[PDB]
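Below, read A as the first sequence line, B as the second, and so on, with proteins coming before strands; counting in each chain starts at 1. These values consider heavy atoms only, across backbone and side chains, with no hydrogens, waters or symmetry-generated copies.
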Protein chains: 2
Amino acid sequence: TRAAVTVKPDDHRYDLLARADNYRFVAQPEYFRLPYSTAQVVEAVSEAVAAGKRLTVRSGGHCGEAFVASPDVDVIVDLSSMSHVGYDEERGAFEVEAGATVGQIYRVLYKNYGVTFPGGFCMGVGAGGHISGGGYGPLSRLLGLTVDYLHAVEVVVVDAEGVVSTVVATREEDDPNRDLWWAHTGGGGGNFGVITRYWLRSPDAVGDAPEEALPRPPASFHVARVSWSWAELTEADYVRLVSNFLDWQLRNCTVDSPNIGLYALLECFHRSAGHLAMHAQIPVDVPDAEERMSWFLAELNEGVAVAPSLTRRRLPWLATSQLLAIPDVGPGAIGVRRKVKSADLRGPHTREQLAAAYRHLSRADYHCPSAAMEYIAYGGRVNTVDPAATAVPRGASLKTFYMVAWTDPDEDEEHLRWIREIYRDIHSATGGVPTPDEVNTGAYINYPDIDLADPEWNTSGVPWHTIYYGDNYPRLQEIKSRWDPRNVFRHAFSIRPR
Amino acid sequence: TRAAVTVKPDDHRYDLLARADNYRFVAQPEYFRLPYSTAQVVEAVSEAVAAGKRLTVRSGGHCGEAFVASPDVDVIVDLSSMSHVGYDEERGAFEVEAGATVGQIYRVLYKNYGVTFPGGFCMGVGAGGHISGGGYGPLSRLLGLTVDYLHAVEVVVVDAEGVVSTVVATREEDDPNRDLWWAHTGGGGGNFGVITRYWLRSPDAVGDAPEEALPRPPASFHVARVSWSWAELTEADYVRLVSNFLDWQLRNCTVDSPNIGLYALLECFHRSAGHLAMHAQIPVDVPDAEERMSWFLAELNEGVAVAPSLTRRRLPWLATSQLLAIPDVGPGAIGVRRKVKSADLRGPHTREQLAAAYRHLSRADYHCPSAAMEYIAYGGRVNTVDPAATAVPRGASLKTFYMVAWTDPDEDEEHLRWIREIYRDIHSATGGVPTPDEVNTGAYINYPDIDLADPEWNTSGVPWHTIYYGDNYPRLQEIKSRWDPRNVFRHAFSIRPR
Ligand SMILES: *Cc1cc2c(nc3c(=O)[nH]c(=O)nc-3n2C[C@H](O)[C@H](O)[C@H](O)COP(=O)(O)OP(=O)(O)OC[C@H]2O[C@@H](n3cnc4c(N)ncnc43)[C@H](O)[C@@H]2O)c(*)c1C
Ligand SMILES: *Cc1cc2c(nc3c(=O)[nH]c(=O)nc-3n2C[C@H](O)[C@H](O)[C@H](O)COP(=O)(O)OP(=O)(O)OC[C@H]2O[C@@H](n3cnc4c(N)ncnc43)[C@H](O)[C@@H]2O)c(*)c1C
């Protein structure tokens with residue numbers, strides 16, 4: 001029963017609320033509204049619609065682009081005081097308010113019930129944007145995607161006459177709003193309405209105890225953390241190491257691999273970081289787990305002159321996950337300007353692509369220790385659901401991620417140049433982007449990159465929405481037109497009505 | 001309420017619960033109990049008391065010693081599921097459950113009400129251990145200590161016949177249980193009973209809106225982050241630089257100073273880290289704030305050959321707090337073995353003390369980039385209260401902290417040896433410890449060091465409890481004897497009964 005908070009520019013809170021994970025994008029709304037209940041979210045939306053104010057929602061503030069914080073946004077509804085996480089006995093499902101962050105969700109579900117779901121590895125990421133986009137992370141090979149556990153979603157929606165209401169859309173075959181549910185299984189945030197809460201549960205959960213409503217993770221993991229110095233690293237070294245990584249991953253990316261429990265992430269930093277790094281984990285209860293880690297690490301070095309430094313240890317699951325998570329505070333999180341890009345794979349990068357990568361990663365006229373591209377193990381259980389049943393593209397065996405991070409606004413041009421040119425040269429056979437084909441599956445909507453709609457950087461002729469949604473876009477457009485006929489919810493990459 | 005959770009070794013959660021911030025201490029109780037309400041805490045305690053079991057409580061798990069996780073502890077009550085933070089209209093105060101962490105508390109208080117209290121800069125620290133010890137942090141010069149806002153505390157206590165009850169003790173002069181309240185304003189955790197929740201408010205708050213019930217921090221700060229290269233450092237530069245810092249701080253540590261708003265921390269890492277580092281901040285609204293920071297930075301450099309690297313920027317308060325905060329995840333936070341020590345000053349270290357420090361900080365036969373001593377600005381508003389009114393020692397102008405962090409158990413001996421020897425040598429004129437005198441004021445109970453009770457390291461004849469509690473120890477023993485007559489709550493540094 002606390003009234004919703006309104007923060008105008010004369011309130012000291014305004015400048016803080018204007019800043020989220022990417023300091024490139026400082027919001028300047030008329031006001032921020034912090035509601036405490038779904039009813040208050042309806043009130044906020046209804047006010048903005050009545051006066052034609054442009055409204056966007058913020059949950060965790062992790063957007064890679066200015067979708068929330070665009071200068072033309074008049075009202076930001078910030079859901080960070082709606083962060084409740086708990087078992088909803090009536091639905092047999094864990095209720096997660098949109099303002100809950102992934103770090104907090106995991107701690108609560110694990111300690112109280114012993115359960116988890118396969119969401120990302122960054123602590124401050126909001127449920128609101130994360131889940132609707134097709135959340136994944138380190139347990140996805142074993143458990144699938146977050147949306148594989150999406151039982152129901154509560155959404156504040158706006159009809160053609162501007163009347164604002166709340167609907168609960170569920171997974172059930174007879175649900176008349178099942179289309180709205182489907183759109184939230186990969187359609188991405190900022191598109192259909194304000195998500196106020198999600199409900200999560202295994203579709204085949206046994207009984208009705210919470211301890212059975214979501215999967216139990218493996219109890220403990222063998223963890224390896226590895227690094228290769230840049231000092232003596234040569235193009236030959238780099239290209240063989242990455243090719244060995246992709247080789248091994250592509251042989252081991254299905255539920256049939258006895259190595260499917262093994263997850264690894266290869267972080268190819270720019271030379272100025274001093275090392276390439278990898279982390280890997282495998283559950284203790286996999287047949288011959290410790291040796292499987294050894295086999296994998298051996299194959300990696302086979303044909304590589306740089307010997308990696310290597311630390312190996314055993315940890316409980318939640319510690320493993322926290323050890324690898326990205327902090328939401330400290331110099332890596334706060335006051336940081338960023339640019340991210342994304343491209344997903346179902347076959348290897350060629351020798352030529354990797355040498356192109358090398359040129360930019362080894363470039364000595366550039367200095368940015370945070371500049372990197374990453375190769376992220378994927379597949380497994382992600383790829384054995386019926387793909388039609390959710391909106392997220394499936395078929396990638398492996399994900400790639402590029403990022404640069406800096407603090408000085410004066411260096412914007414060089415960091416943006418660096419990342420744009422590396423991504424372009426890697427995809428220079430396919431118009432500078434990962435056009436869905438035999439090798440590329442496209443890109444991930446939770447790492448949006450407006451350069452994909454920029455004819456200077458995308459010369460492929462393939463539109464941004466095909467890269468992010470494949471064949472699912474026309475269905476998303478139909479649902480959008482049904483549920484947001486006035487196009488209240490929009491941004492540079494929002495689903496365009498027909 | 002959901003029934004309290006019981007976790008025995010057959011549950012996958014047990015190995016996770018056994019580990020907290022310091023991996024040197026792995027607990028092995030009969031069970032962990034995770035209660036959800038005061039009544040469930042009473043029940044947990046009443047069980048343990050009945051059968052004579054040794055019980056300890058964990059909130060955030062940041063204890064620097066094995067007070068919670070001793071091998072002889074039979075039951076650990078983990079309060080991490082009691083983390084509510086909210087305004088309590090009936091008391092006109094903010095209610096904070098013991099298991100709320102400080103990072104969380106700040107975010108809730110600030111975004112919802114625009115207020116804060118001066119607690120520490122580490123994200124995962126639990127209210128439960130933190131407040132009762134006299135928590136401080138970067139705003140303490142301006143706002144005082146956390147315990148300067150302690151309106152009331154709810155504690156589960158055990159009488160002489162072993163009957164368990166709950167009491168609320170308040171700061172009001174006529175409160176029959178004001179002694180219990182006073183004990184929680186510096187007496188420290190694990191002593192008097194199980195703290196279930198705290199209430200916070202300014203003693204002179206206007207009216208009863210929550211926006212007035214705690215102080216508003218400054219809206220924004222100028223921040224300076226400085227580093228000096230170890231490759232360029234000599235002994236004489238080190239001695240002069242630290243001397244410059246101490247002199248400036250000791251001229252500027254009272255509320256009378258026009259620089260009182262400037263807070264700075266100097267981290268003197270071991271050579272293997274590659275640099276000394278300092279962060280400083282001053283509110284933007286202080287008269288001539290930007291210039292005051294320049295004046296300060298110039299004084300540090302006078303007579304010092306090494307030029308430091310420096311970045312300066314302006315940030316909102318919560319952002320500057322988060323920029324400097326220590327993460328609760330990532331490699332620095334998880335799976336780490338640690339040893340900490342503490343020494344507080346009201347006068348400067350001598351030149352010989354500083355060359356003794358240089359000797360251990362440049363020692364090339366040691367390697368640990370996490371090893372450091374720190375000098376932490378303090379005083380101001382902390383020292384303008386009636387000191388009798390709380391249990392915390394007051395009088396320090398400046399705090400110092402020593403830490404070594406590592407991961408391999410094989411290295412324990414050399415890290416423990418390094419921190420013990422540096423601290424002993426720095427304090428060799430006073431038997432290896434900061435005996436309260438004209439320069440030392442003692443040490444902080446929230447960085448406990450069992451070496452102060454070890455006659456091999458403490459040769460001063462001054463007992464651990466004098467060093468941590470000043471002259472307040474016998475009054476605390478009297479309160480202990482009244483409120484925990486059976487000595488149910490104890491650990492190596494617990495208040496001993498009269
Ligand atoms: C910053 C960051 C992002 C990460 C990280 N690691 C990830 C991982 O391991 N797996 C992943 O699957 N994704 C990872 N990501 C990407 C994040 O998933 C995306 O950045 C999410 O979109 C972020 O969600 P959120 O934090 O809520 O970001 P916002 O900026 O608030 O909103 C994003 C987008 O979605 C809309 N939106 C937010 N909230 C709602 C609600 N309630 N209803 C409708 N729409 C909403 C916004 O308007 C905006 O358009 C690791 C790191 C460090
Ligand atoms: C790890 C860490 C500690 C820090 C950090 N920064 C601090 C700062 O900026 N200012 C400070 O003033 N203190 C800082 N500290 C030190 C912490 O204040 C102490 O380490 C606290 O004691 C931590 O409290 P908590 O996280 O709750 O630790 P526990 O290990 O659970 O318990 C400590 C101690 O207290 C007893 N206790 C806990 N909970 C209760 C309740 N509810 N009732 C009674 N007694 C309780 C325990 O049994 C144990 O004896 C920065 C960092 C990174």
Will you find, in the side chains of B/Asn112 and A/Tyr36, an N or O donor that is under 3.5 Å from an N or O acceptor? yes
Basic-acidic side-chain contact under 4.0 Å: B/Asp11, B/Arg13: yes
Mind checking whether B/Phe94 and B/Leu109 have side chains closer than 4.5 Å, heavy atoms only? yes
Tell me, with the steps shown, if B/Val41 and B/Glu154 meet side-chain contact (heavy atoms from CB on, under 4.5 Å). CA-CA 12 Å; B/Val41 173; B/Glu154 183 184 79; over 6 Å; no
Side-chain H-bond candidate by donor/acceptor type, A/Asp175 with A/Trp181, under 3.5 Å: no
Taking the side chain as every heavy atom from C-beta outward, state whether A/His279 and A/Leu265 have any atom pair closer than 4.5 Å. yes
Check this for me: does any side-chain nitrogen of one of A/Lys399 and A/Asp344 sit under 4.0 Å from a carboxylate oxygen of the other? yes
Side chain proximity check, B/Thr407 to A/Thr311, heavy atoms < 4.5 angstrom: no
Should the ring pair B/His491 and B/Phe67 be called parallel, tilted or perpendicular, given that the plane angle runs from 0 to 90° and is split at 30 and 60? parallel
Indicate yes or no: at least one non-hydrogen side-chain atom of A/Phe192 is less than 4.5 angstrom from one of A/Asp179. no
Indicate yes or no: at least one non-hydrogen side-chain atom of A/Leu324 is less than 4.5 angstrom from one of B/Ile334. no
Indicate yes or no: at least one non-hydrogen side-chain atom of B/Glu47 is less than 4.5 angstrom from one of B/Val75. no
Can you tell if the side chain of A/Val286 reaches within under 4.5 Å of the side chain of A/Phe221, non-hydrogen atoms only? no
Does B/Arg107 come within less than 4.0 Å of A/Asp78, counting only side-chain N to carboxylate O? no
Does the side-chain contact (heavy atoms from CB on, under 4.5 Å) test come out yes or no for A/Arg201 and A/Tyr87, once each step is laid out? CA-CA 10 Å; A/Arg201 107 192 258 281; A/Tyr87 194 63; 5.9 Å; no
B/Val102 versus B/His130: any side-chain heavy-atom pair under 4.5 Å? yes
Does a side-chain N-to-carboxylate-O contact under 4.0 Å join B/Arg2 and A/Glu211? yes
Testing the 3.5 Å rule here: is there a donor-acceptor pair between the side chains of A/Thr38 and A/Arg197? yes
Count the heavy atoms of every other residue, nucleotide or ligand shown that sit under 6.0 Å from CZ of A/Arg225, and state whether that count exceeds 12. no
Do other residues, nucleotides or ligands put more than 12 heavy atoms under 6.0 Å from A/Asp288 CG? yes
B/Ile195 vs B/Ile131, side-chain contact (heavy atoms from CB on, under 4.5 Å): CA-CA, chis, key distance, verdict: CA-CA 10 Å; B/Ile195 299 151; B/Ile131 299 177; over 6 Å; no
